[PDB]
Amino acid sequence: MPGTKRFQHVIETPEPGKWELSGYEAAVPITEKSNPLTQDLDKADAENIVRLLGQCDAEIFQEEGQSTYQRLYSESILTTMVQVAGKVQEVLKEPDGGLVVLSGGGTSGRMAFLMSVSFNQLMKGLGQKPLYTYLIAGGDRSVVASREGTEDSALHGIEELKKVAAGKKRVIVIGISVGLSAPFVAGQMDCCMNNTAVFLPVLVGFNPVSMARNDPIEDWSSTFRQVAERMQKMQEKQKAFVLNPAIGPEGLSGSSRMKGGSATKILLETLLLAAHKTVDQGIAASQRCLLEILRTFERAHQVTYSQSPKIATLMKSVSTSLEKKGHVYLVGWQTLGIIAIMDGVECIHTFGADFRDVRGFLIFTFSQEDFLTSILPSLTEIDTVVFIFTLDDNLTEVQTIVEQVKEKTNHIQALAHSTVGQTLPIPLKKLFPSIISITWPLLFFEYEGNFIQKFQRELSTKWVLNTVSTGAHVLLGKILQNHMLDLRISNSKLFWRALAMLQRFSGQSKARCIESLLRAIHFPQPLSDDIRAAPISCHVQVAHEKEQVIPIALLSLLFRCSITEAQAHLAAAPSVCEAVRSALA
């Protein structure tokens, strides 16, 4: 029947009370789940939110129990990290025609970028040709843009991979997809396996292979699950690798920008730093080298969230300025400005927020005086600005821009990273009464740029800005339980999430939910057979452009009413959220 082909794989809604015993819950991949810690995220205050998201982030480093899934510290995972380090070593020894590609969509793509930079720096500072590069769904401009739509083509992913791998003789393709989900990566990984004389595919993500995505990809015949399952078979013979520790669900369900992005850094920095630092020692990388780095990254979470009350504040101030109708600027130097841009840009798709709402700036990439003459002008009593720099940066360029901004705002706060017993120029740096001073022990670093110190700092900042940005929006009443209900359906995955959110919140059948969602999307056109049988891309292309699609469909189901009636109901409510909450009653 029409639709059947497209919706066959969707599990039916369970009868109430049997969500567990139906085996529905067991079919939800770890990455897609509701985190139980955050069931009441919507109710928590800023200080609680920082606690709950810190707890959620800590789960990355939690160990395996005694019938269960491998984690970051499990032996099978560190073993794989070791073997991959080795394969990376082979390439570093023979850099003529070698290349290392890091590839993902969205934040996996953004993370790919940073790490390609860092490791390209590392080899530069040793007078080696840079062997790293990146790939992001939608080309290089995707790095600083909200472009959720571009990850759904496998032929695209393969094309971008053919370009960059030229007439190289030996390529390592690290495909990053947190959910083991992105058609962009799946095609890349599959092509790799079809030419193993040249390619070594290494898949990174945070679900068991058995929970890998399995609905059809429009321009490709295999599914992510098939591709991954076949990569796991090749791992015996050491010609593919799958690096897939569980780290537990995201605090905002499906928000893989957060733990997934962090885990991607932790996991990949760790393993690549090990590979480099141990080739010129003439020693194989060993579990023990990896562990040193991981434990350090794990200290970094403790250090970072020991500043929790100061973090909670910056949240409250960021939230205040958006409650009014202000704007928020995240001004940061080098690498950490980038992290800043990336957080701000991610607020657009994640929260359906305007590019002005949380903006990032690097010293998007503006000069000292340029920021001074351009952006400075429209700052205002209500806004918040954030300064993110180390004490190693060039604090004269810093002190200026804050001196100036002080006069227009007064809601400044800052984020400063320091080696132990560095001091903060200007003893009346007040300026910042209540700095977020994050201060780092001395570690023994032998590489010129102190990369471990860099990585730690990036991560700690990421953690702060993610918690700040995410918490700010929750506080504004925009998150339902721990779900972003009102998301813009901008790719198939979000489409599948919308449908799931309707089954879960409504409790009604799969057919009904599907009908209400498709009616909501294509309103005012009615459901025809063509529309039922259409490929998910056609629904995505049309939903991408509307507002409140999911809430409209949810009300049509709760009220057992038409779209015409549910739009009218919503318009005559004080807000979207109250319309939804009161109707969920």
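Residue indices: 1-based, along the sequence shown. So that the term is clear: the rigid core is the largest set of C-alpha atoms that superpose within 1.5 Å between two forms.
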Q. Fitting on the core, do the C-alphas of 422-430 or of 71-79 deviate more in 6 other deposited structures of this protein?
A. 422-430
Q | Deposited residues omitted from coordinates between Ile363 and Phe364, as a class | A | 10 or more
Q) Are any deposited residues left out of the model between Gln66 and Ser67, and how many (none, 1 to 3, 4 to 9, 10 or more)? A) 1 to 3
Q. Which has the higher mean CA temperature factor in the PDB entry, 181-189 or 299-307?
A. 299-307
Q: Take the C-alpha B-factors listed in the entry for 428-436 and for 246-254, compute each mean, and give the stretch with the larger one.
A: 428-436
Q.
Quiz for you: based on the deposited Cα B-factor, which of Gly261, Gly97, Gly106, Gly507 is highest?
A. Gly97
**Q.** Top residue by Cα temperature factor, when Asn450, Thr350, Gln83, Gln456 are compared in the entry
**A.** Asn450
Q | Third of the chain's Cα B-factor distribution that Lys546 belongs to, per the entry | A | middle
Q: Grab the CA temperature factor for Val420 from the record and place it in the lowest, middle or highest third of its chain.
A: highest
Q | For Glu218, the third of its chain into which the C-alpha B factor falls | A | middle
Q: Among all modelled residues of this chain, ranked by Cα B factor, put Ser74 in the bottom, middle or top third, i.e. lowest, middle or highest.
A: lowest
Q. Comparing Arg51 with the other modelled residues of its chain, is its CA B-factor in the lowest, middle or highest third?
A. middle
